[PDB]
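Chain nomenclature is as follows: A, B, C, D, E, F and G, assigned in order of appearance, with residue numbering initiated at 1 for each chain independently.
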Amino acid sequence: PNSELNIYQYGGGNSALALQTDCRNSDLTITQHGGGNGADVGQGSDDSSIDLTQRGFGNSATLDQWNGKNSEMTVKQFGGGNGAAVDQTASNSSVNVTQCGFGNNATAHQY
Amino acid sequence: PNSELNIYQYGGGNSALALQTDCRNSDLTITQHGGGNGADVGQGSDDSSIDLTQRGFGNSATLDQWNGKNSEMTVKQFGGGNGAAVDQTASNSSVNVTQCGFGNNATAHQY
Amino acid sequence: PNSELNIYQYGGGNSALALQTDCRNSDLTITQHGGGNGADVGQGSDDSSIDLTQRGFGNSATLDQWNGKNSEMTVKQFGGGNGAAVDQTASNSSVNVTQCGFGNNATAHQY
Amino acid sequence: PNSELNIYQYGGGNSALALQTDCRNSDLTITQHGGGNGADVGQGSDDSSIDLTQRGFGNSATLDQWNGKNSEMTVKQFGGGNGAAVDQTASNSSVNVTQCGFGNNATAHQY
Amino acid sequence: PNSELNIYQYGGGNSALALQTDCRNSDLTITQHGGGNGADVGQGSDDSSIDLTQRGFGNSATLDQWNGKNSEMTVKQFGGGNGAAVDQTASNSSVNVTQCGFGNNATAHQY
Amino acid sequence: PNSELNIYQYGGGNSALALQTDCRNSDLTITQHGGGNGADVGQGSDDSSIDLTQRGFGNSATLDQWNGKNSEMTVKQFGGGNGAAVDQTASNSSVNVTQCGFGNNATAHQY
Amino acid sequence: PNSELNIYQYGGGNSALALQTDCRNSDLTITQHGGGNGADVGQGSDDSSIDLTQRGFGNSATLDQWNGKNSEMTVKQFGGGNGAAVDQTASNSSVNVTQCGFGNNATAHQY
């Protein structure tokens, strides 16, 4: 099972927690640009992907992709203080969240 | 097999376009409070729900839920100039967008 | 059972209440142009259609189509302060109200 | 039962009340031009028609068709202050009232 | 069982503690350029590799790769005061941490 | 094969090169205190130990423990500018070099 | 074969060259105190020992122990400019050279 977890941080004060378990041929990528961005990502889904990109300051993301197969996550937060929380369990399914600006809130649930 | 689509406007200058076709056992609800809020919503998903509530001024929402089953979409825009675009094709899934404040932008795509 | 309920509002201060239940293969359409127009429309009839058009200011319509089949109801209110009250329960039946001008009152019941 | 109720009002201050019940394959039509004309028309007869035409001001009409079949009732009031009172219950029968000018009163009963 | 642990230190004030136990056909490499960089690396995984490179000043790294097989760790800290903490126990898995700038904190967990 | 290679540096300008290959059940330790100390150490010997201690400034040590078994090398350099060059291939043998002061040169070979 | 070769140097500028080959259960020890002392020692004799002690300045020693068994070699040079050259090959034999003062020269051969 070729499973890859990548964390790239540029700037200062960004924090990332990542978990990949029982997750075969799947990719989890976190890329944070700027400052004070927080990420918490769990992936336990086969042939699945999670891409998290935060660019700016004070953005928060909590992502959970569990039990699914052939499933995709994209989260892109541009700006300041945006909040994202997503759970994805559906198979052959995809979730996309894109927040631009200040103070955005998004919660997504796919079963 | 009951299908309901509802529009409520309170205030002035709010505009709503709604479409429900091939959409069985499904509810689409559109409620705007205030002024200048714009909504364009399409629902063709069985056993599915759309709820958009706009409260404030200049909020814009474009919602599309097609080919899904047992799917729920909720968009709530509080304040001014919030923008939301939501696409929903997954079955047994939920999208929730909650925008608070001014100038918020959110696009959610869930397949 | 393609059931569609459409409300289009252009201008300011228009209010529409629409209800569609137990209503198969049926369309309800409300179109408001101008200002201060009030609409209350309920439809529970199979293979039926409601068409309410209000163009002007201060027009009010109360429209109820219940327990009929293959029934068409149309109200067209042009101008100011027109009042229409229409109840339709007869099957395979049509009601048509046309008001032009100011201060008109029209009552129609079809059983 | 293709039953149609039509109200056309042009001008200002005209009032029309129309009732259609148990009235199959039948037409009720009211046409008011001008101002202050009053109409009260009841229709409960199968395959039968009412045509009321009031053109002018201050004309009053009280019209009832009940329990008839294949019955035609036409009232035409041109001008000002004309009063008409017509009751029709006979089947396969026709009532025609024509008033032109000012202050005419006409009463017709057909059983 | 060819097990190699290499440490290269250039400059001054860099300190590194490295432990390799029960770790067959596996490579652990530490390379520090500059000053005041701290490293603590434990490797007990078969056919696994850990590569740590710190370039700059005041960077801190804590890396634990345990019980895995065919597992890769890459940690690269460029700049000042970066902190990294990574634990990997998953087999056939890869963790990559890259920090650029000042004051980054990165945590990686892979089981 | 529990094989551990540790280098501790306290102070500034110290440089340490260490390689451990084909070396089962063996420890290589380098400890540098002060400034500008240079060490290069290779270990390929089974059940062997390397202890290099440099305390001061400008000390240089070149240590090669190859093809031996049950072999110990200890080199201790206190002060400034000491040079030691030691090669050890003999099995069940021990080499001990102690330099105190300034400008010492010592060469040790054991086959 | 427990074979030990130890060189202890205290002071400055001391130089020692030491060779132990084919020499089982044997000890070779050099102790130099002071400055400029030179030692060159080869040991290839079984169950035998070499002890060289130089205390002072400018002392020189060339010691060769070969093909003997159960042999002991001791040279003690105290002071300045002392010279010692010793070859031992005899079995069950001991050579002892003691030089005190300045400018002493001693040659020992035992076959």
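Convention: a contact is a pair of C-beta atoms (placed from the backbone, for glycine too) under 8 Å apart; a residue touches a chain by one contact, two chains touch by 3 or more.
The UniProt protein names, listed by chain, are A, B, C, D, E, F, G = Major curlin subunit.
Traced through touching neighbours, the fewest hops from subunit C (Major curlin subunit) to subunit E (Major curlin subunit) number 3.
In summary, the interface at A-E recurs among the listed pairs B-C, E-F or F-G; the equivalent pair, sharing over half of its contacts by residue number, is F-G. Inter-chain spacing, taken between the CA centroids of subunit A (Major curlin subunit) and subunit B (Major curlin subunit), is 25 Å. Mean C-alpha positions place subunit A (Major curlin subunit) and subunit D (Major curlin subunit) at a centre distance of 72 Å.
Rounded to a whole number, the gap between the C-alpha centres of subunit D (Major curlin subunit) and subunit F (Major curlin subunit) is 121 angstrom. In terms of which chains touch, the assembly is arranged as an unbranched chain of neighbours.
By the definition given earlier, chain contacts exist for A-B, A-E, B-C, C-D, E-F, F-G. Only residues 90-111 of subunit F (Major curlin subunit) touch subunit G (Major curlin subunit) when the two sit together in their complex. By the touch rule above, subunit B (Major curlin subunit) contacts subunit C (Major curlin subunit) in their complex via residues 1-24, 35.
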